[PDB]
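Written below as structure tokens is the structure these notes are about.
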Amino acid sequence: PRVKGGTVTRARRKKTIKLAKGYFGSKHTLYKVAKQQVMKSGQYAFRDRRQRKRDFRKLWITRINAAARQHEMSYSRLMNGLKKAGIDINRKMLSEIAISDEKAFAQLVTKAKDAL
Amino acid sequence: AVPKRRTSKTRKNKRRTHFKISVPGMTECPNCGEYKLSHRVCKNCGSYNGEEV
Amino acid sequence: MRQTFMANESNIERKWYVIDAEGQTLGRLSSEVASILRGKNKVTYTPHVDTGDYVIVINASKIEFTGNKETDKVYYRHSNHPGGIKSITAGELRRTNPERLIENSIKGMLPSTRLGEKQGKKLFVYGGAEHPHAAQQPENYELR
Amino acid sequence: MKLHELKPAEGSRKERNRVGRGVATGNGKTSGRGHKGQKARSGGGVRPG
Amino acid sequence: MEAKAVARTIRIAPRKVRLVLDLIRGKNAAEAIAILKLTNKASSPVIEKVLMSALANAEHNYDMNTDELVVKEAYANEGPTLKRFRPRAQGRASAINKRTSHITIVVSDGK
Amino acid sequence: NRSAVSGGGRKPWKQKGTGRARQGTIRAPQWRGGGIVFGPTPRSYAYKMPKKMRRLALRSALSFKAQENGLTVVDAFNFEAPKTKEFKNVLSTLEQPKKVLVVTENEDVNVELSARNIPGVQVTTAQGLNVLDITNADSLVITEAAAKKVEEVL
Amino acid sequence: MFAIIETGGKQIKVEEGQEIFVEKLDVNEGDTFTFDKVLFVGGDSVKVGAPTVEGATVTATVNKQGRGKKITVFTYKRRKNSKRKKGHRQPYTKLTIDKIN
RNA sequence: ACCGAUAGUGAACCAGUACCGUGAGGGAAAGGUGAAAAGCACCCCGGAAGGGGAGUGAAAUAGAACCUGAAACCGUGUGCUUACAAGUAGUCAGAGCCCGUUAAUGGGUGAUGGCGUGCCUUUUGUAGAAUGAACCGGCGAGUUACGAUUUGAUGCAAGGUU
RNA sequence: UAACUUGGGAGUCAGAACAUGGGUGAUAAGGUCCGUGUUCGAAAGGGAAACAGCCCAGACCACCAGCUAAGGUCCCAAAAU
RNA sequence: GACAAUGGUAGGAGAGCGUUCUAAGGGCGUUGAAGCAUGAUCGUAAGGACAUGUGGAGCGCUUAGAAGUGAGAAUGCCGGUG
Ligand SMILES: [Mg+2]
Ligand SMILES: [Mg+2]
Ligand SMILES: [Mg+2]
Ligand SMILES: [Mg+2]
Ligand SMILES: [Mg+2]
Ligand SMILES: [Mg+2]
Ligand SMILES: [Mg+2]
Ligand SMILES: [Mg+2]
Ligand SMILES: [Mg+2]
Ligand SMILES: [Mg+2]
Ligand SMILES: [Mg+2]
Ligand SMILES: [Mg+2]
Ligand SMILES: [Mg+2]
Ligand SMILES: [Mg+2]
Ligand SMILES: [Mg+2]
Ligand SMILES: [Mg+2]
Ligand SMILES: [Mg+2]
Ligand SMILES: [Mg+2]
Ligand SMILES: [Mg+2]
Ligand SMILES: [Mg+2]
Ligand SMILES: [Mg+2]
Ligand SMILES: [Mg+2]
Ligand SMILES: [Mg+2]
Ligand SMILES: [Mg+2]
Ligand SMILES: [Mg+2]
Ligand SMILES: [Mg+2]
Ligand SMILES: [Mg+2]
Ligand SMILES: [Mg+2]
Ligand SMILES: [Mg+2]
Ligand SMILES: [Zn+2]
């Protein structure tokens, strides 16, 4: 028995075209261009999920450094001081405290300074 | 000689920005009230400068 | 859980500072100003917004160099015309256009992005000790 | 047994392999023949011995 | 209330027709008629007939007042192309497209 | 295939110089209206199995009927003339299911004629028994003589 | 008053009456969960743990045990006819903080 | 357990025709209103074409290559956005604005920041300025027969099998 | 923690750099030919601005958690003015 | 429960998805089949539903069987349109 191409070809390509909605020009229209872009989008997303973790860690440190400098301490010493104190608040939580509650951050700084 | 790459719809349409025709320089004819080209005889009533042409 | 604060124009507050360039090395002053302009000294620092403060530099004419930079440090500019290379020494630039010397030094320490260009526009440099931004009520800043 | 509940003996039947039907199968494109040479050609290869 | 007329398979290329349609879109019918009369393009007389037919169907079919009518919609859709060939040098033939337009005019009383 | 399709003897255009893909005939597979590569070709699907397995298969199908209580033994079927209604009535009295395989020792014309038009009912001889017919049927109605004959054969 | 609590290999800054999303916990919906490890206590009274504040706990009520939005994980190596497509939905527990300490 | 209009005859149709060649010869494309023709009386714009009503019909968005009607491609309108900016066009982060769903720790858009030189082939190595593809659609490549061998399955077994 | 034997199925027989022992060339070559090791090939991630072959290290998937390697910590650009 | 493995080209091995047809069973459909279109749905992947619009008469599901069974690339063929 003969099997004609049928509807499977259209159904599959349409899914790819829908995945490339919002892309520029032909990239949101034609199957070949969108497929390539959707492939690139996957590879990028995979890479960027890992990169996101590196970026947010970087931001938290930057904000902590600024907060520490206001208390006349370097980030490097503050974190070394916190470790000696035995304080295990992570950089994200430290950054949030520095922004939200200055008085609480000041207390943590004193603990770090005392440990040194 | 020949296009290295095809022109996208975007590029083509940007080029066509100034590809347009203006409205005719027309004013209402005083005698009949139909629009006529300025400095031309009114086609409807065949009058120019308040005189039949 | 995602809990990181994000600064936005609604919550951002930009201050005005005056820094005296008298008796300061160009680069060391420059690097410090660049951080202030980019909001690096703020706990609310956010990369995709401008959290930095406006900086006024005065007495740019009195900025200092080390070694033989005055004669041996040369700025090169091209006009995009063949053989269109033009050079003036750092010392001559200090004499003629001290504000440019400071401005170019700091801008070279700022990112080449739309945001970075915007942050550079917040810098105001003056060769003399007098500035015209009294209305901004700027605060003196001492370099660390 | 029933004509609506037929089952072959376990291990009795295996599905044939089909080459040149995409990358994921592991037999797509070159179809297990590797790259170039007499052996990769249609009707290609040397006589036994 | 809206009244419409369509001229199908007009043997003029849509691109050419669309230039004139751009002039009259969103204008009062009386002004549109004047523009069409005094504009020197091939599409203008055909478009005028579509507009006149649309205004006629407003007055007759829907008893709208012609003077208050506005050209709400004016557009040209592509019709089927007449495929032709032109003999070129060295025995080669280059294709010629004789394109057609479907011209639609909608007139509205604004109510 | 490419040889069987009409025409296509000559080379469509010269090997080189035209800027076109090289082509050897208009009836090549990738051409519209070209020959098919490796399509269906006439062949038999029939194969054989050893006789002992054929016998085992029949006994296995018949035994499944007995285990499922699909075996009904009747003394004889008496039909002077073919009447479908009478046969239908007999099946109802026998309380037989919709799908029934009726077995006779030898060909009986009246029984075959009587049950021919009734959907779900199949009539076979004892020698005619085949696994497909037995497996398909919900129940089997066998004459005493047929049942004895089957026992001797298998 | 805020508290710093440790769950799912991460630390979360929490306040009373706040919904949180954490790595899946072994609890049914509508159950009460106590976060044993409190690193820091904020508010007017500040307490610093080294590494944990002793006797400090946060009580939360489980609202939902769910799976996150599907992540399509796709990678490829150009010209190698090699690619992999996998779907992922990360399990999570949604809770609401009832009381701190 | 053959095809179903690019399939199946080259030819479902006025096809060995049209068309091409001096000739031998080569050789297409092209099926579908509706149940019924009930195939749009009449009115209106227009020279006509074409259209708007009215009417027929279950349906005319079934009105003549008249079932369905994808995509490329071409328009019209609209929510968000864009004229100091260096772009494999995404991806990750993210205000503002506009919406509201298979109700889901929603949808559209996107100021601005980080990261990022298509795909295939062939290669020691290709962003490659090596190859290939204008785009979209359809079509397009390990098959079958008979032997051989090996593995799995099954029947029987010093027998097994025609 | 492999190894060997027997049997079914392969692909490969254009290699590259780097380091090091040598021939050749000129103690030329991103040269060429043999020995040895590694990487690439067939390997993404971090460093060397960019940069198959160098240095660090081998990506099952998810996380806005932590510690380190090479390499770094004035600004670009995370961390010592 | 514990802990071990899970980069990969040629290539070997395994398990599957989906297409058309057949058998048997069990179903759906003018109170609307297939196809088509749209959606914020589900599964580890191939892929599977559901709703609505369009459409107007066929078509799923289960188990097994059989193949003209899957296209993005061949200066591929034909058609349409840039
Ligand atoms: Mg078929
Ligand atoms: Mg196909
Ligand atoms: Mg990390
Ligand atoms: Mg298989
Ligand atoms: Mg392989
Ligand atoms: Mg391929
Ligand atoms: Mg090849
Ligand atoms: Mg080779
Ligand atoms: Mg080979
Ligand atoms: Mg000629
Ligand atoms: Mg060409
Ligand atoms: Mg054929
Ligand atoms: Mg068929
Ligand atoms: Mg068709
Ligand atoms: Mg045909
Ligand atoms: Mg034909
Ligand atoms: Mg602007
Ligand atoms: Mg971006
Ligand atoms: Mg290779
Ligand atoms: Mg180029
Ligand atoms: Mg070549
Ligand atoms: Mg090309
Ligand atoms: Mg070597
Ligand atoms: Mg820094
Ligand atoms: Mg691994
Ligand atoms: Mg693997
Ligand atoms: Mg295999
Ligand atoms: Mg096929
Ligand atoms: Mg194609
Ligand atoms: Zn007049």
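Chains: A, B, ... in order of the structure tokens. Residues: from 1 per chain. Ligands: from 1, in order shown.
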Do a neighbour search on residue A:43 at 9 Å with only C-alpha atoms (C1' of nucleotides), toss out local chain neighbours closer than 6 positions, and write the hits as a PDB file with N, CA and C atoms (P, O5', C5', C4', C3', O3' and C1' of nucleotides), in the first residue's frame.
ATOM      1  N   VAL G  73      14.812  21.669  26.723  1.00  0.00           N
ATOM      2  CA  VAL G  73      16.266  21.684  26.718  1.00  0.00           C
ATOM      3  C   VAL G  73      16.741  21.135  25.376  1.00  0.00           C
ATOM      4  N   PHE G  74      17.310  22.008  24.535  1.00  0.00           N
ATOM      5  CA  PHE G  74      17.762  21.610  23.209  1.00  0.00           C
ATOM      6  C   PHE G  74      19.196  22.090  22.998  1.00  0.00           C
ATOM      7  N   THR G  75      20.062  21.168  22.561  1.00  0.00           N
ATOM      8  CA  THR G  75      21.445  21.472  22.223  1.00  0.00           C
ATOM      9  C   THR G  75      21.794  20.760  20.918  1.00  0.00           C
ATOM     10  N   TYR G  76      22.732  21.328  20.146  1.00  0.00           N
ATOM     11  CA  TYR G  76      23.177  20.712  18.902  1.00  0.00           C
ATOM     12  C   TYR G  76      24.635  21.080  18.646  1.00  0.00           C
TER      13      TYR G  76
ATOM     14  P     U H  91      14.303  33.969  21.795  1.00  0.00           P
ATOM     15  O5'   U H  91      15.305  33.600  22.984  1.00  0.00           O
ATOM     16  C5'   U H  91      16.099  32.392  22.901  1.00  0.00           C
ATOM     17  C4'   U H  91      17.317  32.542  23.777  1.00  0.00           C
ATOM     18  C3'   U H  91      17.088  33.190  25.149  1.00  0.00           C
ATOM     19  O3'   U H  91      16.627  32.237  26.098  1.00  0.00           O
ATOM     20  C1'   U H  91      18.952  34.193  24.095  1.00  0.00           C
TER      21        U H  91
END
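Contacts from chain E to chain B at a cut-off of 10 Å (only C-alpha atoms) map to residues 16, 18, 19, 20, 22, 23, 24, 30, 31, 33, 34, 35, 36, 37, 38, 39, 40 and 41 of chain E.
The interface of chain D with chain G at 10 Å, considering only C-alpha atoms, consists of residues 22, 23, 24, 26, 28 and 29 of chain D.
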Test item: residues no farther than 9 Å from ligand 11, counting only C-alpha atoms (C1' of nucleotides) and all ligand atoms, as a PyMOL selection string: (chain F and resi 19-20) or (chain J and resi 75)
Kindly save the residues from that selection, with N, CA and C atoms (P, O5', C5', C4', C3', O3' and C1' of nucleotides) included, as a PDB file, in the first residue's frame.
ATOM      1  N   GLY F  19      23.958  25.406 -16.968  1.00  0.00           N
ATOM      2  CA  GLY F  19      23.671  25.933 -15.641  1.00  0.00           C
ATOM      3  C   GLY F  19      22.584  25.134 -14.918  1.00  0.00           C
ATOM      4  N   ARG F  20      22.041  24.101 -15.579  1.00  0.00           N
ATOM      5  CA  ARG F  20      21.011  23.247 -15.001  1.00  0.00           C
ATOM      6  C   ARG F  20      21.660  22.041 -14.322  1.00  0.00           C
TER       7      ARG F  20
ATOM      8  P     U J  75      22.824  19.022  -7.923  1.00  0.00           P
ATOM      9  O5'   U J  75      21.853  20.293  -7.937  1.00  0.00           O
ATOM     10  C5'   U J  75      22.187  21.443  -7.111  1.00  0.00           C
ATOM     11  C4'   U J  75      22.316  22.681  -7.967  1.00  0.00           C
ATOM     12  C3'   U J  75      21.280  22.857  -9.082  1.00  0.00           C
ATOM     13  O3'   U J  75      20.074  23.349  -8.517  1.00  0.00           O
ATOM     14  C1'   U J  75      23.474  23.573  -9.774  1.00  0.00           C
TER      15        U J  75
END
So which residues touch stretch 1-15 of chain B within 10 Å, counting only C-alpha atoms (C1' of nucleotides), skipping near sequence neighbours fewer than 2 positions away, as number ranges by chain? A: 24-26; B: 17-19; H: 134; J: 82
Residue G:11: which residues within 10 Å, counting only C-alpha atoms (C1' of nucleotides), same-chain residues fewer than 6 positions away excluded, as a list in words?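 Skipping anything fewer than 6 positions along the chain leaves residues 88, 89, 90, 91, 92 and 93 of chain A; 1 of chain C; 4, 5, 22, 37, 38 and 39 of chain G; 65 of chain I.
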Prev. selection, N, CA, C and O atoms (P, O5', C5', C4', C3', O3' and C1' of nucleotides), output as a PDB file, in the first residue's frame:
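And here's part_16.pdb as it stands now:
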ATOM      1  N   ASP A  88      26.769  32.274  57.820  1.00  0.00           N
ATOM      2  CA  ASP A  88      26.657  31.574  56.547  1.00  0.00           C
ATOM      3  C   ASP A  88      25.500  32.133  55.717  1.00  0.00           C
ATOM      4  O   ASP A  88      24.924  31.412  54.904  1.00  0.00           O
ATOM      5  N   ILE A  89      25.168  33.417  55.910  1.00  0.00           N
ATOM      6  CA  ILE A  89      24.214  34.084  55.033  1.00  0.00           C
ATOM      7  C   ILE A  89      24.873  34.209  53.660  1.00  0.00           C
ATOM      8  O   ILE A  89      26.020  34.644  53.573  1.00  0.00           O
ATOM      9  N   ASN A  90      24.150  33.823  52.601  1.00  0.00           N
ATOM     10  CA  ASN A  90      24.713  33.814  51.256  1.00  0.00           C
ATOM     11  C   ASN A  90      24.686  35.238  50.700  1.00  0.00           C
ATOM     12  O   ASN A  90      24.098  36.132  51.305  1.00  0.00           O
ATOM     13  N   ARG A  91      25.332  35.435  49.545  1.00  0.00           N
ATOM     14  CA  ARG A  91      25.545  36.763  48.985  1.00  0.00           C
ATOM     15  C   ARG A  91      24.214  37.393  48.561  1.00  0.00           C
ATOM     16  O   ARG A  91      24.030  38.597  48.713  1.00  0.00           O
ATOM     17  N   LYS A  92      23.281  36.576  48.052  1.00  0.00           N
ATOM     18  CA  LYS A  92      21.958  37.047  47.662  1.00  0.00           C
ATOM     19  C   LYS A  92      21.212  37.614  48.871  1.00  0.00           C
ATOM     20  O   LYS A  92      20.657  38.708  48.796  1.00  0.00           O
ATOM     21  N   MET A  93      21.200  36.860  49.976  1.00  0.00           N
ATOM     22  CA  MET A  93      20.528  37.282  51.196  1.00  0.00           C
ATOM     23  C   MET A  93      21.236  38.496  51.799  1.00  0.00           C
ATOM     24  O   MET A  93      20.573  39.411  52.281  1.00  0.00           O
TER      25      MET A  93
ATOM     26  N   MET C   1      14.060  30.812  45.343  1.00  0.00           N
ATOM     27  CA  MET C   1      13.011  31.774  44.914  1.00  0.00           C
ATOM     28  C   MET C   1      13.684  33.068  44.461  1.00  0.00           C
ATOM     29  O   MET C   1      14.691  33.469  45.039  1.00  0.00           O
TER      30      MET C   1
ATOM     31  N   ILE G   4      15.732  34.797  57.633  1.00  0.00           N
ATOM     32  CA  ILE G   4      16.482  34.086  56.608  1.00  0.00           C
ATOM     33  C   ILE G   4      16.430  32.598  56.943  1.00  0.00           C
ATOM     34  O   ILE G   4      16.893  32.192  58.007  1.00  0.00           O
ATOM     35  N   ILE G   5      15.868  31.796  56.030  1.00  0.00           N
ATOM     36  CA  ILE G   5      15.693  30.368  56.247  1.00  0.00           C
ATOM     37  C   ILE G   5      16.410  29.615  55.128  1.00  0.00           C
ATOM     38  O   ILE G   5      16.590  30.157  54.042  1.00  0.00           O
ATOM     39  N   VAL G  22       9.651  26.759  46.894  1.00  0.00           N
ATOM     40  CA  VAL G  22      10.872  26.099  47.333  1.00  0.00           C
ATOM     41  C   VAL G  22      10.993  24.757  46.612  1.00  0.00           C
ATOM     42  O   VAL G  22      10.029  24.294  46.004  1.00  0.00           O
ATOM     43  N   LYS G  37      16.078  25.462  60.193  1.00  0.00           N
ATOM     44  CA  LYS G  37      17.296  26.255  60.097  1.00  0.00           C
ATOM     45  C   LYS G  37      16.957  27.705  59.755  1.00  0.00           C
ATOM     46  O   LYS G  37      16.617  28.007  58.612  1.00  0.00           O
ATOM     47  N   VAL G  38      17.055  28.593  60.755  1.00  0.00           N
ATOM     48  CA  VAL G  38      16.904  30.027  60.550  1.00  0.00           C
ATOM     49  C   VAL G  38      18.271  30.684  60.740  1.00  0.00           C
ATOM     50  O   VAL G  38      18.778  30.737  61.858  1.00  0.00           O
ATOM     51  N   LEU G  39      18.854  31.188  59.644  1.00  0.00           N
ATOM     52  CA  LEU G  39      20.201  31.743  59.670  1.00  0.00           C
ATOM     53  C   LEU G  39      20.217  33.100  60.375  1.00  0.00           C
ATOM     54  O   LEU G  39      21.177  33.406  61.082  1.00  0.00           O
TER      55      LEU G  39
ATOM     56  P     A I  65      19.761  30.962  44.086  1.00  0.00           P
ATOM     57  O5'   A I  65      21.329  30.959  44.411  1.00  0.00           O
ATOM     58  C5'   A I  65      21.824  31.671  45.572  1.00  0.00           C
ATOM     59  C4'   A I  65      22.333  30.691  46.602  1.00  0.00           C
ATOM     60  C3'   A I  65      23.845  30.465  46.641  1.00  0.00           C
ATOM     61  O3'   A I  65      24.501  31.520  47.329  1.00  0.00           O
ATOM     62  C1'   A I  65      22.735  28.391  46.764  1.00  0.00           C
TER      63        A I  65
END
Selection as a ChimeraX atom specification: residues within 10 Å of ligand 21 by only C-alpha atoms (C1' of nucleotides) and all ligand atoms: /H:121-122,130-132
Could you dump the residues just selected with C-alpha atoms (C1' of nucleotides) as a PDB file, in the first residue's frame?
ATOM      1  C1'   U H 121      28.220  19.200   2.700  1.00  0.00           C
ATOM      2  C1'   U H 122      33.327  18.302   2.899  1.00  0.00           C
ATOM      3  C1'   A H 130      35.119  26.306  -0.122  1.00  0.00           C
ATOM      4  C1'   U H 131      30.048  23.586  -1.720  1.00  0.00           C
ATOM      5  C1'   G H 132      24.659  23.741  -1.969  1.00  0.00           C
TER       6        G H 132
END
Using only C-alpha atoms and all ligand atoms, find the one residue out of C:38, C:122, C:48, C:62 that sits nearest to ligand 24.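 When distances to ligand 24 are compared using only C-alpha atoms and all ligand atoms, the smallest one comes from C:38.
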Show me which residues line ligand 26, defined as having an atom within 10 Å of a ligand atom where only C-alpha atoms (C1' of nucleotides) and all ligand atoms count, and present them as a PyMOL selection string. (chain G and resi 84) or (chain I and resi 60) or (chain J and resi 6-8)
Using only C-alpha atoms (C1' of nucleotides) and all ligand atoms, what are the residues with an atom within 9 Å of ligand 18, set out as a ChimeraX atom specification? /H:90-92,113-115
What would the file look like if the residues just selected were written as a PDB file, in the first residue's frame with C-alpha atoms (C1' of nucleotides)?
ATOM      1  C1'   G H  90      18.235  35.307  19.106  1.00  0.00           C
ATOM      2  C1'   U H  91      18.952  34.193  24.095  1.00  0.00           C
ATOM      3  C1'   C H  92      19.146  35.532  29.453  1.00  0.00           C
ATOM      4  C1'   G H 113      22.038  45.458  30.363  1.00  0.00           C
ATOM      5  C1'   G H 114      24.926  40.493  29.681  1.00  0.00           C
ATOM      6  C1'   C H 115      26.111  36.715  26.095  1.00  0.00           C
TER       7        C H 115
END
Just need the residues of chain D within 7 Å of chain F, counting only C-alpha atoms, so spit them out as a list in words. residues 1, 2 and 3 of chain D
